[PDB]
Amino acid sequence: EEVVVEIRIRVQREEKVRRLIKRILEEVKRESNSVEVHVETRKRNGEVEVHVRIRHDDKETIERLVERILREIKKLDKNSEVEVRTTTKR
């Protein structure tokens, strides 16, 4: 069964969105080329939300990639608000 992870990142200022998306896509590239990733930016009332959806068959790969993404998010902005939603079939 496939694992789907959705990561929502609340960014303070829109100027930091480009580096954040670039860093996240770089970590996905370093993991494997079989990992499916989609990125979506949402702007409401001067605030930006970055939505990352990742699909993969191996839960070990998914959990390793998520933790590495969360560490890279924290290095770019210590006060980043992140919500992670993981969907699995059993």
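All residue numbers refer to positions in the sequence shown, first residue = 1.
- Set 61 to 69 against 40 to 48 and average the Cα temperature factors; 40 to 48 ends up higher.
- In this entry, the higher average B-factor at the C-alpha atoms falls on 12 to 20, of the pair 78 to 86 and 12 to 20.
- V28 sits in the middle third of its chain by CA B factor, as recorded in the PDB entry.
- In this PDB entry, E2 carries a Cα temperature factor that places it within the middle third of its chain's modelled residues.
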